[PDB]
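Each remark here refers to the structure printed beneath this line.
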Amino acid sequence: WXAXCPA
Amino acid sequence: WXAXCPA
Amino acid sequence: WXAXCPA
Amino acid sequence: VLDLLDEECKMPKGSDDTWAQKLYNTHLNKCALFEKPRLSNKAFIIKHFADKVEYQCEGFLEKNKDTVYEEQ
Amino acid sequence: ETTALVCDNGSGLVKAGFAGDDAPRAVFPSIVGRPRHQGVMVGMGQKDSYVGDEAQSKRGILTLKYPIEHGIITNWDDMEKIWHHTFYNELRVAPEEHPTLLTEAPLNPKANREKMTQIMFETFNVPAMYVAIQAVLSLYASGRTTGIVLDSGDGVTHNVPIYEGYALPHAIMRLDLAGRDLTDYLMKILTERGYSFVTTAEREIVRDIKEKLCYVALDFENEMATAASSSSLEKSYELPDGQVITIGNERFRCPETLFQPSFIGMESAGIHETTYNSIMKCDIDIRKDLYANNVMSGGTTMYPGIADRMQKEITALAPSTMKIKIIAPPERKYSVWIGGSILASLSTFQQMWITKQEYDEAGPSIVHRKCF
Amino acid sequence: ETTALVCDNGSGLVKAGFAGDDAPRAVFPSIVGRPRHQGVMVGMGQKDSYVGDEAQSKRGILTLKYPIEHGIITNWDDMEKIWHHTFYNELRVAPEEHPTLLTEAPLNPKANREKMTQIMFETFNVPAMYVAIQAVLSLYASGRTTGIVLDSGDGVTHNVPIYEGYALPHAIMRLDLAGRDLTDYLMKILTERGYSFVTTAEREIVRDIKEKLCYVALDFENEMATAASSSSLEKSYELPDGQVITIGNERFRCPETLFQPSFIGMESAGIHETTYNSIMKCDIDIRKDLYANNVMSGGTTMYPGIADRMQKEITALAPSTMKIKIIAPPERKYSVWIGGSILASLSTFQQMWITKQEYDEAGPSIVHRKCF
Amino acid sequence: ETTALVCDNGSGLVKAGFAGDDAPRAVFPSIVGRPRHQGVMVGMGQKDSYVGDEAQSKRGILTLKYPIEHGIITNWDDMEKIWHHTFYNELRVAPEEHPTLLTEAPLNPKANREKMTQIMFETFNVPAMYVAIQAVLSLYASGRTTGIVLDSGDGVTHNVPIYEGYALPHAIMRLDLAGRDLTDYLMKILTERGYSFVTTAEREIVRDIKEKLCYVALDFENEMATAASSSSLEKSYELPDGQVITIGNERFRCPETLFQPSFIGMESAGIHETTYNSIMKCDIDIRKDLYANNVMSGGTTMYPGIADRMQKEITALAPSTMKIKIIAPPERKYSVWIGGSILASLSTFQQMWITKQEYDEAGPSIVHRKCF
Ligand SMILES: Nc1ncnc2c1ncn2[C@@H]1O[C@H](COP(=O)(O)OP(=O)(O)O)[C@@H](O)[C@H]1O
Ligand SMILES: Nc1ncnc2c1ncn2[C@@H]1O[C@H](COP(=O)(O)OP(=O)(O)O)[C@@H](O)[C@H]1O
Ligand SMILES: Nc1ncnc2c1ncn2[C@@H]1O[C@H](COP(=O)(O)OP(=O)(O)O)[C@@H](O)[C@H]1O
Ligand SMILES: [Mg+2]
Ligand SMILES: [Mg+2]
Ligand SMILES: [Mg+2]
């Protein structure tokens with residue numbers, strides 16, 4: 001992702 | 001209605 | 001709640 | 001009218017009633033030669049060269065449909 | 001000959017049919033729905049608006065508007081959709097060809113009639129039209145020329161004393177509690193038990209609860225004490241999703257607001273004391289004939305026990321030797337339509353119609369001149 | 001004399017203190033955490049549950065439950081832990097010795113007051129108890145006997161018209177949007193920019209973003225076009241780990257759902273039109289005094305610009321010559337507690353308490369009889 | 001006329017083909033490999049990167065990167081290589097000449113669609129493009145206009161309630177467990193028996209073990225006790241080198257994490273309780289039609305016994321008189337592509353495409369305006 005999870 | 005009641 | 005909503 | 005019929009043959013839960021609704025949406029006042037009969041939602045009128053002819057939507061889709069399963 | 005259409009614009013239902021029919025051919029809720037969600041599937045066939053039973057069936061997707069409230073038509077484009085649906089889809093009849101008998105509640109705005117005529121002659125091009133007071137038709141429906149008609153709809157309640165075929169227009173009471181204010185009160189009280197009904201589609205579950213399970217107490221305080229002391233009055237119903245809900249003393253409490261409008265914060269007296277106050281405005285020679293022949297009418301009088309509570313509670317007011325009788329036929333829900341059907345078929349009536357020639361000459365104001 | 005305790009069970013915070021204090025002594029989130037991971041280190045000293053600021057501090061390790069949602073207490077064992085923590089740890093007071101004024105949102109289920117009383121008399125053995133409507137206290141807090149209080153919490157929004165000290169219970173609106181549904185909408189929209197906040201501990205980052213950076217637009221469409229056309233509204237915030245996140249037009253978009261609940265798929269109208277629809281249910285003599293004295297209350301009204309947007313958008317509804325005034329004190333977050341503190345200290349009030357003698361005689365049903 | 005291309009960028013596989021075909025013409029893993037060893041033999045013919053089945057065949061020599069994870073495209077140069085391979089090598093078609101219907105998981109970042117459009121118009125110069133939500137296509141694929149589609153891929157899981165062709169976007173759940181997190185859990189648990197699978201090439205042995213031998217327990221604790229008490233569930237598989245490995249209770253333990261994400265340390269609830277929690281966000285009128293028509297979709301639902309476990313464990317949640325039905329066609333792996341193939345062939349759709357003229361005028365932001 002960009003904040004939460006890794007992608 | 002026009003004044004008293006809402007219709 | 002008990003009907004109309006989750007609580 | 002033929003293209004919207006072949007579409008309604010493969011859209012899920014298509015029916016003569018939703019076909020007729022699509023015809024009205026697409027042509028009813030956009031085209032001068034297509035008319036809706038005053039007292040029905042299951043028919044439409046085409047202004048052919050000879051005369052106006054009123055077609056009934058009931059059972060177009062059953063007649064329209066061929067698919068032959070290859071395995072048969 | 002061509003029959004007249006007979007059409008009754010309740011606040012809650014449309015009843016429509018042909019004169020001389022014994023019951024209405026089309027009854028459906030006078031409701032217009034619009035979609036309130038994004039249209040995801042391509043080629044589904046969107047529709048701008050549903051009407052009547054179509055909007056009932058879809059009502060999970062829709063905001064539901066009622067276009068009449070308190071017997072006043074509050075937006076015309078919807079009401080015109082409802083009439084369009086009535087003539088073309090439900091009756092399947094060309095309005096070009098039939099006189100139309102419309103209907104109205106007494107003492108409501110004069111603008112409502114004018115518009116209701118203008119739309120019949122301009123939009124539907126009806127040959128001839130009439131507008132009739134609701135409470136007058138319930139006497140044709142019940143075989144009487146004398147009585148005080150209590151008529152209660154979805155939107156309005158009114159008393160009209162009629163003696164020997166003369167209305168007494170100074171004695172007309174109009175009271176603005178009806179089935180819809182019972183329904184909003186029922187939602188508010190149901191909230192006490194935890195059930196909350198919020199949306200317009202969800203209101204119309206409560207309307208069905210009210211119809212199925214409500215009844216009128218014959219002593220409000222005694223059944224209050226009883227249901228406070230026993231489960232015996234408690235009864236249960238299934239919501240559409242399968243939740244079961246259980247309803248107790250509250251089920252008599254909502255129709256009690258008809259007899260105690262203070263529950264809704266309505267200052268005025270209940271239907272019993274406005275009925276008695278209507279008879280007390282009539283000339284003393286006729287009270288004996290209006291204490292018999294109290295005619296109930298319209299759906300809000302369909303509650304079990306309302307006739308007994310009325311007779312009991314007027315008999316506490318009236319002098320001890322007047323025979324109080326309440327007359328409540330089981331078809332009283334349709335009685336206004338049945339009486340319209342009788343009225344439109346009389347041959348003496350055929351001079352009364354407002355013909356299109358006269359509307360062309362006079363303009364819509366004619367409806368006050370050529371009508372009650 | 002012994003002071004009363006005054007305790008307000010918001011959905012989001014507990015405020016508690018002693019009557020006659022000007023501000024609450026204990027404020028902490030009404031949240032209960034339980035550990036969700038294997039306990040590896042022996043002898044650390046495990047704990048089954050944290051409450052309040054303890055659960056905030058540990059919250060990376062914990063599942064956080066709110067035991068009240070929408071002003072309804074949804075599991076009692078947690079709420080009893082929260083009260084235990086309030087009396088014994090935050091106030092450090094024996095509940096044996098002080099009356100307790102509790103607080104509730106109007107029109108919610110009646111089983112919630114019954115249990116909330118039963119637990120005070122059986123569990124905490126309080127001498128005497130009371131339960132008071134939230135929106136009534138904000139008038140004591142704002143020096144008024146007349147006004148329409150708009151109060152919005154973490155869980156519920158309600159309007160309560162009060163004129164000259166009489167409530168008008170038919171005109172009470174309850175609306176179920178509040179700070180927590182704003183937070184869930186904020187998480188959903190933030191996902192557009194790539195930030196995803198998923199867990200219950202991580203929700204409570206978003207709540208702090210909402211508090212710090214959100215504001216209400218004075219014209220939603222103009223600022224939408226602006227922030228679509230300029231970086232000037234774009235503002236940035238640090239997550240606990242030091243990641244920076246940047247937030248644009250979205251920061252006004254979430255409190256706009258208060259004025260357009262359709263963003264959440266809520267059918268009902270916004271807080272402005274429910275305020276106006278509340279004034280239209282009051283008698284026409286008092287509307288002029290309810291158009292002044294719109295009192296804001298509770299934390300969800302703390303957004304910058306909400307008072308201006310309310311005044312603007314009611315003034316579009318009300319007749320052109322009514323003086324619309326919105327009253328928004330800067331302490332309005334605590335105003336419900338301040339008004340409870342005033343109410344519990346009046347000498348005329350000391351007859352109103354439910355004493356344990358009366359609860360022993362009557363049982364918990366007494367709470368409906370001896371209270372609003 | 002020119003057919004549209006229909007191409008579905010799963011996280012795990014590319015499915016691509018022509019609209020109106022009944023099944024996809026090209027399916028290959030969306031994987032990009034690069035050589036990680038010294039090139040000793042001169043004149044072998046080096047290659048900078050392999051894609052798809054080429055990278056499967058060589059995978060002992062290669063590092064394998066997935067360029068999509070959790071439905072987000074995480075580096076574009078690889079994804080652009082994969083699309084290049086799809087158009088030029090697998091379909092062998094000039095993308096100049098065919099519209100391309102792409103596909104996306106709901107609620108993911110908005111930048112992903114902007115870039116995915118920009119690359120189609122600038123790089124591939126496609127005439128016209130569209131982007132469609134995965135779970136919407138599975139209803140076209142399964143002949144329904146109403147249902148709640150549970151769709152689970154290699155990278156993401158989502159529920160999308162659709163009633164009568166309207167999506168209910170507030171009720172859409174996205175959950176981030178999928179086939180790849182099952183695979184990483186499977187490697188972690190396999191380490192218990194001594195088998196250790198470490199490298200990216202060796203992960204894709206574990207994926208094939210998972211596909212062949214895993215299944216979902218219909219009562220997790222009973223089969224746990226069984227396989228703890230008997231060899232009867234123990235089954236065995238050959239690694240590529242001929243080592244045999246033997247797998248017992250563990251083979252059901254990994255797909256159980258879909259129903260208990262706490263095994264992975266995921267706080268959120270399993271797919272069953274997110275399905276029920278999605279239906280509970282819908283209007284109460286439509287739940288009866290969303291309790292039928294639970295449509296399974298995507299490869300991660302291919303486990304034996306998952307439909308029975310879903311029906312069982314939703315039936316424990318839903319009210320006792322709702323008919324719970326789970327609909328799991330055997331082609332549900334391809335159902336998103338099949339539904340895209342249906343959608344792209346409708347004549348009503350041909351107005352919906354984003355034509356290059358419109359992208360030139362508006363720029364890539366148009367994808368949010370002209371699309372779901
Ligand atoms: N059996 C019943 N018991 C109680 N209320 C009813 C019953 N039938 C209808 N109603 C209520 O009465 C109203 C409809 O009455 P109706 O006479 O059709 O009104 P209108 O004449 O204004 O259309 C609605 O509020 C409906 O809920
Ligand atoms: N300055 C602020 N701006 C916007 N929202 C706030 C602010 N402070 C608190 N809130 C929100 O309001 C809620 C708390 O309000 P509060 O009045 O304490 O609720 P309650 O009275 O039910 O405990 C929470 O949702 C919190 O996020
Ligand atoms: N029969 C099966 N049983 C279990 N898992 C499977 C099966 N078929 C595919 N998978 C797994 O599901 C994922 C592929 O599903 P798919 O629907 O193709 O993903 P996407 O739609 O994102 O490309 C991979 O993790 C694959 O290992
Ligand atoms: Mg009526
Ligand atoms: Mg509050
Ligand atoms: Mg998929």
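Residues are referred to by chain and number: the chain letter is A, B, ... according to the order shown in the structure tokens, the number counts from 1 in that chain, and ligands are numbered separately from 1 in the order shown.
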Item to check | Residues within 7 Å of ligand 3, counting only C-alpha atoms and all ligand atoms, as an MDAnalysis selection string | outcome: chainID G and resid 9:14 152:155 179:180 207:208 210:212 214 298:303 333
Checklist entry - DSSP says strand (DSSP E or B) for which residues of region 24-204 of chain G? Put them as a PyMOL selection string? => result chain G and resi 26-29+32-35+50-51+62-65+68-69+72-73+100-104+128-133+147-152+157-163+166-167+173-175
Checklist entry - Which residues come within 9 Å of residue 64 (chain E), counting only C-alpha atoms, excluding same-chain residues fewer than 6 positions away, as a ChimeraX atom specification? => result /E:31-34,55-56,200-201
Using N, CA and C atoms, can you write the selected residues to a file as a PDB file, in the first residue's frame?
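Output saved as again.pdb:
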ATOM      1  N   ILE E  31     -47.687   5.677  -4.169  1.00  0.00           N
ATOM      2  CA  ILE E  31     -46.322   5.927  -3.740  1.00  0.00           C
ATOM      3  C   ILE E  31     -45.420   5.924  -4.964  1.00  0.00           C
ATOM      4  N   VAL E  32     -44.418   6.794  -4.964  1.00  0.00           N
ATOM      5  CA  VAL E  32     -43.477   6.925  -6.068  1.00  0.00           C
ATOM      6  C   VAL E  32     -42.076   6.738  -5.523  1.00  0.00           C
ATOM      7  N   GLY E  33     -41.329   5.812  -6.105  1.00  0.00           N
ATOM      8  CA  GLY E  33     -39.984   5.510  -5.657  1.00  0.00           C
ATOM      9  C   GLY E  33     -38.955   5.958  -6.673  1.00  0.00           C
ATOM     10  N   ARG E  34     -37.807   6.394  -6.180  1.00  0.00           N
ATOM     11  CA  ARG E  34     -36.664   6.671  -7.022  1.00  0.00           C
ATOM     12  C   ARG E  34     -35.428   5.945  -6.520  1.00  0.00           C
ATOM     13  N   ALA E  55     -43.034  -0.012  -6.817  1.00  0.00           N
ATOM     14  CA  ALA E  55     -42.193   0.619  -5.817  1.00  0.00           C
ATOM     15  C   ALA E  55     -42.244  -0.122  -4.493  1.00  0.00           C
ATOM     16  N   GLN E  56     -43.353  -0.789  -4.186  1.00  0.00           N
ATOM     17  CA  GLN E  56     -43.340  -1.717  -3.057  1.00  0.00           C
ATOM     18  C   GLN E  56     -42.343  -2.846  -3.265  1.00  0.00           C
ATOM     19  N   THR E 200     -37.674   5.235   4.942  1.00  0.00           N
ATOM     20  CA  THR E 200     -38.982   5.213   4.304  1.00  0.00           C
ATOM     21  C   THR E 200     -39.428   3.814   3.918  1.00  0.00           C
ATOM     22  N   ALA E 201     -38.502   2.947   3.527  1.00  0.00           N
ATOM     23  CA  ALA E 201     -38.879   1.573   3.232  1.00  0.00           C
ATOM     24  C   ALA E 201     -39.198   0.818   4.500  1.00  0.00           C
TER      25      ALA E 201
END
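Neighbouring residues of residue 4 (chain C) at 9 Å or closer, counting only C-alpha atoms and skipping chain neighbours under 4 positions away, are residues 194, 195, 196, 197, 198 and 202 of chain E; 284 of chain G.
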Checklist entry - Just how far from CA of residue 199 (chain E) is CA of residue 50 (chain E), in Å to one decimal? => result 17.5 Å
Could you make a table, as a Markdown table, of the residues of chain B that have an atom within 9 Å of an atom of chain E, each with its nearest atom pair and distance in Å to one decimal, counting only C-alpha atoms, in chain and number order?
| residue | atom | partner | partner_atom | distance |
| --- | --- | --- | --- | --- |
| B:1 | CA | E:72 | CA | 7.2 |
| B:5 | CA | E:70 | CA | 8.8 |
| B:6 | CA | E:69 | CA | 8.8 |
| B:7 | CA | E:69 | CA | 6.2 |
Next on the checklist: Residues within 8 Å of residue 147 (chain G), please, as a VMD selection string. Count only C-alpha atoms; anything in the same chain fewer than 4 positions from it doesn't count.
Outcome noted: chain G and resid 139 161 to 163 289 to 295
